[PDB]
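Values below: all heavy atoms of this structure, side chains included; hydrogens, waters and symmetry mates excluded. Convention: sequence-line order gives letters A, B, ...; per-chain numbering from 1.
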Amino acid sequence: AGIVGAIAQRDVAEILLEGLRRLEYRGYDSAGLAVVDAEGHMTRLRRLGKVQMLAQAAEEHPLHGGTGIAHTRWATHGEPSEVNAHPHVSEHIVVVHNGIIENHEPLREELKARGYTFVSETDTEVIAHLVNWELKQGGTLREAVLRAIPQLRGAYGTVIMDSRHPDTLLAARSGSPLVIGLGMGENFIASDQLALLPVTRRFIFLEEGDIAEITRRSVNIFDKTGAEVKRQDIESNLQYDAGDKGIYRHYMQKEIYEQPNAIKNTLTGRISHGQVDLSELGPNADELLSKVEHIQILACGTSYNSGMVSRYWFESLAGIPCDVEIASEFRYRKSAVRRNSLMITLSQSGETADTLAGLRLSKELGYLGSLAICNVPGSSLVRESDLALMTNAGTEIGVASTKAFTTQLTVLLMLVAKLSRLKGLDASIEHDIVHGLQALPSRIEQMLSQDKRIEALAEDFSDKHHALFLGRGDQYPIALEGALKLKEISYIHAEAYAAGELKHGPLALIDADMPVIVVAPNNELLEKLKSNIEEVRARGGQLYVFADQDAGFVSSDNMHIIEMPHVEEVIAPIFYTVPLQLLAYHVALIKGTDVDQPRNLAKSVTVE
Amino acid sequence: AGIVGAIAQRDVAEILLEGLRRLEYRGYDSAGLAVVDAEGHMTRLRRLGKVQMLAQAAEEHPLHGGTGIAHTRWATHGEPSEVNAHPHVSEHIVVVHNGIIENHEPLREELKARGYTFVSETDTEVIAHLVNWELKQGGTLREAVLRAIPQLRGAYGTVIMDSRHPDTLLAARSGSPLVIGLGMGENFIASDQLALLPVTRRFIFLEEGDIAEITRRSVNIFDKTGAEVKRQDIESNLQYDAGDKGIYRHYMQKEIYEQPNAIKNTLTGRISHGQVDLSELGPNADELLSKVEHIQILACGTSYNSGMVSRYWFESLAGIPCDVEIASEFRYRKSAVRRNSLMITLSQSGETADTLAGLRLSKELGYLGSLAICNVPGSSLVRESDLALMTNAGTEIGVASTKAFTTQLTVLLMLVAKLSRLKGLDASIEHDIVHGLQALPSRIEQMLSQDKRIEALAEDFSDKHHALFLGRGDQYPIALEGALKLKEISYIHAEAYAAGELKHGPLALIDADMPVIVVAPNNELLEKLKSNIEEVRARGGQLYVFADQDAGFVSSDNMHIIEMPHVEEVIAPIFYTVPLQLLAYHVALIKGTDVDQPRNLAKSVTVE
Amino acid sequence: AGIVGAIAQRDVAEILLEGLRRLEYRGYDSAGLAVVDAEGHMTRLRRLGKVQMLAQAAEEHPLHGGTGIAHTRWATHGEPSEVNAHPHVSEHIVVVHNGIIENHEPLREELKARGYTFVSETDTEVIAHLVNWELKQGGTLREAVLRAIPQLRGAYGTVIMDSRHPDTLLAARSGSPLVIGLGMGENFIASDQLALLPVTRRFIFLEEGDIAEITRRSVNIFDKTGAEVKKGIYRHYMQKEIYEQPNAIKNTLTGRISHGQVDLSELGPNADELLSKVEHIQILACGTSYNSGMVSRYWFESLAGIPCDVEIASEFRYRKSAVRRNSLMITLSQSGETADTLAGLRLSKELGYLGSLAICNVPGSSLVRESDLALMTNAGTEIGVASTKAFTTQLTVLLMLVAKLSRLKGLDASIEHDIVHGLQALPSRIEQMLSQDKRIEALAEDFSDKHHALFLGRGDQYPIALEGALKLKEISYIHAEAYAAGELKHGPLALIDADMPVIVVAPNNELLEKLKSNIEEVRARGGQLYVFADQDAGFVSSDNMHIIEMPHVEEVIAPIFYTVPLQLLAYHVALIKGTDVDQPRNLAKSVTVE
Ligand SMILES: O=C[C@H](O)[C@@H](O)[C@H](O)[C@H](O)COP(=O)(O)O
Ligand SMILES: O=C[C@H](O)[C@@H](O)[C@H](O)[C@H](O)COP(=O)(O)O
Ligand SMILES: O=C[C@H](O)[C@@H](O)[C@H](O)[C@H](O)COP(=O)(O)O
Ligand SMILES: O=P(O)(O)OC[C@H]1O[C@H](O)[C@H](O)[C@@H](O)[C@@H]1O
Ligand SMILES: O=P(O)(O)OC[C@H]1O[C@H](O)[C@H](O)[C@@H](O)[C@@H]1O
Ligand SMILES: O=P(O)(O)OC[C@H]1O[C@H](O)[C@H](O)[C@@H](O)[C@@H]1O
Ligand SMILES: N[C@@H](CCC(=O)O)C(=O)O
Ligand SMILES: N[C@@H](CCC(=O)O)C(=O)O
Ligand SMILES: N[C@@H](CCC(=O)O)C(=O)O
């Protein structure tokens, strides 16, 4: 969750702990630090719980040494426990890590067979042994690291030291941020610049794929090929104490980048023993929910979009009938209620007039009861419902919704296990869901790390007046939301459509002034769409494709693949939301439109 | 000239020298430093010359130790020499000093008749020997210094250590500045915060009279008496706000509408008995200013526009020669200084690199002195100028300057009375100026109440990609400002031009896609411009005219009179800025552009 | 309850007793003094009862001496009597103490183990004996004292004296107030400034922890440790003060809105829990301050759902009232010295209120010193005899307090939100309103020749009509009277004609319908109806009904908003007439003497 590292003349323990202190706002369940004196004596401390515990544990120790690293953990692989906390060791190799090594089982078996003992359940540990192994063959720590990085698959921001030679640190970025702090005769590193503020304001941001070798007085960066690459150090002329935007230019930007932590907050207290825990609902909750044979969802705007994603989930993974409807459509028509139907409203604000009216009307129609998914406690929708689940995303200031949407999706995915009807035939469904949920936060961070590419892509839409967003199944509402976002903050006339319907009308519209975007299609779908865009090459039709890099899709001249890292299928819709959010944001930046307060839109529509 | 001090666990000499480098813009003829390891071995090193010489010596014979003081000197007592350079010593007592101990020889003979060998000419050495004396009789550094400080008359600041006890530094601010910089397990101090930036951004500014006992881990502050006062650690300074937007959508909108209030505040304390009262400048002041024969103003952007207005005023109302220049252009050219030239800088932020460079350069060029007109307290332009007039507009958050500009104008109009040349004309002049200033807040309110008209008018510009703004005389720089504003927040290519130069080029451009705006022309000028727009009737040229309702101008089909309320002449340029601000604001609103943060622009351009 | 020390060349008994006389408002059961002359020679006099009785006993055997300490006692640790009253003796070292020595239990019998006969049931005596003990040998008075306050826990203020050496007084501030008075060859030390007034107006307040030594010639304020320690562009102040209202409200708001909520955390960590006990609010004030409270009543009852009464301070102080259960006593006062208001506060102390809150604009004023809690309006000083910014900053504080006394359960949140929204709107709204000043100034011409006016308002605008009428009386000398709008027809309608314009403050459509009808009734006598209304109401003017349109405001801050044109109206009528605006005839900034 959080990384800090120091290489100085002076003792750095207090500096490390203070860094962690400043990273605490990011969800963690444990912390640790390791420092090495000049004689190469390495002292390591790890504790379950808050950074405060770690600091106390440190109170007893003369923690001397000028080199060290430190970490706060958000467990994905192995229960939160002192045993599982970072830094993780392999004798003299010491390692802190953000992210997920997903080829961790292959690597753990291979390293076990080579004579290593895994004392922990983490995925992180294979890094420590691996580097160790790679150093066993010889070379410098840098060379060993270069040999090791390529064997890893997934997300890693990692910092690595050799206690036998404390004058150097190695760091590698791939799917998780790292930034270097330059001092006077000392140097630093962190996953989050806020941690370095107490000791420097001069930073070098590591970019995707970078690998750095840091000493007290040198920084050398380079790519996986050992080829020295250069990055600019820049004074941070930022006012960190100015207001609530923190380091960000826009509320909506901050709310996009805050998504991993908002999600951790949504998850807090709702995973117990590898299972979804919704006990917060009351002792007799399972009592009402067991009776449910049908779900009705009402919402407006982006909330309607999340509902729309959830429909696919409920029906495929929980096998309960689910209906989702624009709230104003529901309030004004005479409907036919399904038997044993649960009424769910989704709303960021809890105050949207159509949605509220929908609920109120439902009061007199024979629903088993109502559940409110909301982001503002004490709002009408929460008060007036039987049950309520808060998204806990923190306040959202941007008029366009971002973290509210993804946290909503998180709650809706947790409902799936607790509302199952496939018998079954289950067990593994809930395990899969919980696994994905556990990975979600760092998966989102993985997406954020692709931002430079999305920024670049934005140039392709900056001057367009139309766009068409395509999706199929659980990705169709993602296209809905991507298209909405582009309408919202860039004022481009972007429209979403079910992928399968492209040829039934919109194909007639396509030309150079109307780019087509597909979100996460499988090979079969892709080939269909590729043929479609062929039909319109002559008018300059461009197909942009957000897809799994594992799929091996290849770009043509009018079909452009924008590869994304692999993810758990069950959370793939939340994952693919991020690049469409980032696209819209970067287009708006280029055009210079009012991102936080788009023309004619309101945060919530509360008057009739 | 410069003082620097560090008390840390790491070696502080490198930090001290770097501090001195960053203090090179002041002083100086010699320099030196003194450090101390844990055993008490004090190493001192001093050179006549540049800091680079001292750093050179320091390099091939390194100073080791975590406690230390350094200094750059501009000699006042004693010829520049290694002998007289700081730090000065009294055995174990070591001292650095800025300013003057006025009663030096009395105390020097007093101590000389006590066994003290004065090896230097400086007034500084007395400080050392006295501290030595007071410590002779028990206690420790603090008590002693607390006794000694009252026995020194003069405006000065000093940092004092005892090498028998390296764990503490003592400081005294008594007429010359000192600020403490808070580190991590280490602490610093200097004569200006510019010196501590490499190492910290947490500052505690000492109040006049304060005495500080500083350790690695602690900082205790007292006053002349020795009664522990507490001081707070600022950093910034430019906080927002929320919230403070009040009834308005945007920071910039709010800042536009608060201009009457901001102007009232700019006037506060500066009007009495129907006259301009700038007594806040100092008892002297009225006498440095009397010697001025020429005004030079330097600024960037909107501040440059305000300077540009003020030239007209100074020359016609006060009869003083006045030149105004883009700061970039001033700093990069060899200029000819006028006899008895006052340097004025205009700056909202006080940090703009070009303008600061201009001021510093002015110091080597033989200007009578400098005045900063600024909106942000304690900023660089203010600290480095001889005189300062704060605009008191409150913090301004929008990237485009609005209230900062009109308050600048207010202060500049105030300077006219206080700098007249040109006496006898004369009281009629200061009279009209004060009458206008008193009318100003209400005139602005009148103008703000035309907003609906301006908002309707903006529909004529919201689809345009070109505009030409015209003005004559004290209104030409208002056209400059109106054009800049339309550039800034609506991204329309608006260009200002002197009204009499239209025929010399731009007239060939005018057509339906390039509306022409004139700012407050009299009847003769308007006849000329109407005739001009008639020349391009066949291309659909339109003239827009913001003019006095009293003037009786009649709209036609290609000329649209946008009548305004009447104003006192002397404030007309300030008055006519408001509509142009509102116009740019409302065009931006329609287009939906980012008003508060326009693309590519910055609040303040501080780096190179 | 109260202290009065003294050292001089003259007999100080009369002094000490007058110093007490003035600290009688503090509530006490016993009293006494101890003086000492040139050679010997101490004399002590203590009585149960009123300080008056004491003085009468003093009359019979006139106490002589240039040094002396005196006390008025509220018994809080040892029965009310003569034996327990101050000063307390110990062979020569005499002591007068305000407060409680909390560790008097383990120190008194700890010191009885040394032959120290405790002759009273007070904690105060463990002060007298301790010091006596540390004067076996140990410098002199100040030296022994700088070794006693360290081991004497609690919130107190003691004044100590020696008898062998009559030239010195010691004084310790470690819980309750002491202020020193200078000093023409003689010095003084009271528990309150008020006690020193008949003799000296020069004061040196002790800070928390200081040990002071006083003689004829010097006043050293040591420490526990502890060594030596020692109109602008405006024609009138009232005009300036009206136009400074936006800045003044900004200052009132500073630090008090945190994370979208009202933050009165300045009241103390406890406070908040103390306010949770309040069940009824009682407000006491005079003049314009009364008008502000009058507005807040509507707010507290409708928005916080808590009961509130508001009363002319003079009325409250002279009647036997029925206190409500769990009642908070709030006073409103610009100056902090209004005698009626102060009297009401002091009376409330003995009537069983949960406690007192002072809303005030002058720091260190009596109302502030004598109240449990305080909220300063921070308006800056107000010079004009007629209050302007003091009024609207008062309204801003009372409004802030609404959310903090909320009793409406799950409604509370939303309401607080509205209040915050409105508070945050307030500065720019007032700025909107001040730009109507040219309109008001023109309007004033209608009133400058009048000798009568009627101000009407309903609900939370009713008190604003009161304030508006008051302003017109104050600085224009026009007989303006306010009436609840619904009462117009019950008498005053008979008065209406051309020479008595009627002013309505911010009516809704329904009320305006009623009043328009009413003024139709008096058309034959030229009844004229002036209406300050929201432009969004779309009211239309006629020959006898003049709509004076204003910008829309947030409902919750409307009374503050509508106050401003009334101020400007009064101001400009006065300007036309050329009356003494900053100093209207027969009126006073503050009415501080009976
Ligand atoms: O084309 C318009 C129809 O008249 C349509 O409006 C519908 O018939 C009514 O709105 C009733 O619908 P509900 O019975 O569902 O309210
Ligand atoms: O066309 C370019 C010129 O070479 C010009 O650059 C000039 O010669 C120098 O810039 C000198 O400038 P100053 O002497 O004014 O500094
Ligand atoms: O007409 C006057 C009455 O005499 C009046 O003074 C009242 O009857 C009591 O004297 C006072 O009332 P309180 O008991 O409240 O003081
Ligand atoms: O989620 P709700 O509070 O019910 O609001 C529904 C929609 O309202 C507005 O249009 C907001 O701009 C949207 O971002 C939001 O999705
Ligand atoms: O006035 P200064 O703080 O010196 O800045 C000069 C200019 O700098 C930037 O460009 C700001 O965007 C401008 O609005 C400002 O006028
Ligand atoms: O508010 P206070 O300081 O308690 O004074 C109450 C009243 O006293 C005097 O009459 C003043 O002229 C008034 O303007 C004030 O309202
Ligand atoms: N997957 C690693 C790292 C988690 C993190 O990024 O905090 C673990 O479970 O320990
Ligand atoms: N007057 C001292 C100090 C000069 C300075 O402030 O630089 C000297 O000449 O040494
Ligand atoms: N507890 C002390 C306090 C003295 C007082 O405050 O009057 C007593 O009862 O005497």
Side-chain angles (χ1 to χ4, degrees), chain B residues 261 264-265 267-269, chain C residues 231-254 285-296 313 331-342 358-368 374-400 426-427 430-431 433-434 437 463-464 466-468 470-476 559-560 563-572 574-575 579-592:
Chain B
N261 197 72
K264 282 141 90 178
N265 292 337
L267 292 172
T268 290
Chain C
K231 267 201 304 207
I233 67 176
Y234 300 109
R235 198 180 155 110
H236 292 106
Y237 291 104
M238 186 183 183
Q239 188 191 19
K240 177 228 260 284
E241 284 143 12
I242 288 168
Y243 284 86
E244 278 179 343
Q245 271 169 133
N247 293 342
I249 291 156
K250 268 179 215 170
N251 300 341
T252 314
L253 291 178
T254 293
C286 299
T288 287
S289 290
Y290 170 76
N291 294 335
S292 60
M294 287 290 268
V295 173
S296 77
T331 62
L332 284 166
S333 180
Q334 191 280 147
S335 66
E337 303 296 335
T338 300
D340 276 337
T341 315
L342 197 53
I359 296 166
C360 190
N361 192 61
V362 177
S365 61
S366 307
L367 274 168
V368 164
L375 290 166
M376 304 311 294
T377 47
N378 298 319
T381 76
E382 195 183 57
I383 302 301
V385 168
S387 163
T388 58
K389 69 188 187 179
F391 179 72
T392 48
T393 60
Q394 271 169 353
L395 290 182
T396 302
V397 177
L398 292 150
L399 195 51
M400 271 178 293
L426 191 53
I430 298 320
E431 301 186 11
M433 190 58 95
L434 291 166
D437 60 353
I464 298 306
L466 287 172
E467 175 54 21
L470 182 51
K471 280 289 165 285
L472 216 55
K473 280 178 170 99
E474 283 175 307
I475 59 170
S476 85
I560 311 179
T563 296
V564 177
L566 305 193
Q567 297 164 340
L568 288 160
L569 178 62
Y571 178 67
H572 282 280
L575 221 231
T579 54
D580 202 333
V581 170
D582 288 331
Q583 295 184 285
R585 65 196 198 183
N586 303 115
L587 305 177
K589 183 55 179 179
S590 169
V591 181
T592 63

_Nearest-0.5 Å distance, CD1 of residue C/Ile242 to OH of residue C/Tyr237_ = 15.5 Å

*asked:* Using the rule given for side-chain contact (heavy atoms from CB on, under 4.5 Å), can you reason through C/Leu253 versus C/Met400, listing the C-alpha separation, both sets of side-chain angles and the distance that settles it, and then say yes or no?
replied: CA-CA 9 Å; C/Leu253 291 178; C/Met400 271 178 293; 4.2 Å; yes

*Mark yes or no for whether C/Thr252, through its side chain, and C/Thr377, through its backbone, hold a donor-acceptor pair below 3.5 Å.*
yes

*Whether C/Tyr234 and C/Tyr243 hold their rings parallel, tilted or perpendicular, with breakpoints at 30° and 60°*: parallel

*Distance from C/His236 atom NE2 to C/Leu575 atom CG, nearest 0.5 Å?*
6.5 Å

*So how far is it from C/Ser289 OG to C/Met294 CE, rounded to the nearest 0.5 Å?*
13.0 Å

_Among residues at least two apart in sequence or on other chains, which ones pass side chain to side chain donor-acceptor pair (under 3.5 Å) with C/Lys231?_
none

*Counting only N and O atoms by type, is there a donor-acceptor contact under 3.5 Å from the side chain of C/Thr392 to the main-chain atoms of C/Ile560?*
no

*C/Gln334 side chain reached by C/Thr288 side chain, heavy atoms, under 4.5 Å*: no

*With distance as the sole criterion, is a donor-acceptor pair present between the side chains of C/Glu337 and C/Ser365 under 3.5 Å?*
no

*Out of curiosity, C/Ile464 CD1 to C/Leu470 CG, how far, rounded to the nearest 0.5 Å?*
11.5 Å

_For C/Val385 and C/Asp582: C-alpha separation, side-chain torsions, deciding distance, then whether side-chain contact (heavy atoms from CB on, under 4.5 Å) applies._
CA-CA 6 Å; C/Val385 168; C/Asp582 288 331; over 6 Å; no

*Any side-chain heavy-atom pair of C/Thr563 and C/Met433 under 4.5 Å*: no

*Looking only at atom types and distance, does a side-chain atom of C/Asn361 sit under 3.5 Å from a main-chain N or O of C/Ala379, one as donor and one as acceptor?*
yes

*Taking atom types as modelled, find out whether C/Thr388 and C/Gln245 have a side-chain donor-acceptor pair closer than 3.5 angstrom.*
no

*Looking at residues at least two apart in the chain, or sitting in another chain, which of them share a salt bridge (charged side-chain N to carboxylate O under 4.0 Å, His left out) with C/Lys471?*
C/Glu467, C/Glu474

*Return the minimal non-hydrogen interatomic distance between C/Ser292 and C/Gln394, and the atom names on each side.*
OG-OE1, 2.8 Å

*Is any side-chain heavy atom of C/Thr338 less than 4.5 Å from a side-chain heavy atom of C/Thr592?*
no

*Counterpart residues, salt bridge (charged side-chain N to carboxylate O under 4.0 Å, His left out), relative to C/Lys240 (two or more places apart)*: C/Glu244

_Between CD1 on residue C/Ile475 and CD on residue C/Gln567, distance to nearest 0.5 Å_ = 9.5 Å

*asked:* Any heavy-atom pair between the side chains of C/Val591 and C/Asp340 that's under 4.5 Å?
replied: no

*Which pair of non-hydrogen atoms, one from C/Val368 and one from C/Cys360, has the smallest distance, and what is that distance?*
CG2-CB, 3.8 Å

*Closest approach of C/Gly468 and C/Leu566, non-hydrogen atoms and distance?*
CA-CD1, 3.9 Å

*Which value, rounded to the nearest 0.5 Å, describes the distance between C/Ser333 atom OG and C/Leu367 atom CG?*
5.0 Å

*Report yes if the side chains of C/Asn378 and C/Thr254 come closer than 4.5 Å at any heavy-atom pair, otherwise no.*
no

*Kindly give the heavy-atom pair with the smallest separation between C/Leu332 and C/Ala285, and that separation in Å.*
O-CB, 3.5 Å

_Minimum-distance pair of heavy atoms, taken over all atoms of C/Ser335 and C/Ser590_ = OG-OG, 3.1 Å

*Quick one: does C/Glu382's side chain have a donor or acceptor within less than 3.5 Å of a partner on C/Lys389's backbone?*
yes

*Under 3.5 Å, is there a donor-acceptor pair between the side chain of C/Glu241 and the main chain of C/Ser387?*
no

*For side-chain contact (heavy atoms from CB on, under 4.5 Å), just list the numbers for C/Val295 and C/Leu398, CA-CA rounded to whole Å, side-chain angles, deciding distance to a tenth of an Å, and then say yes or no.*
CA-CA 9 Å; C/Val295 173; C/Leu398 292 150; over 6 Å; no

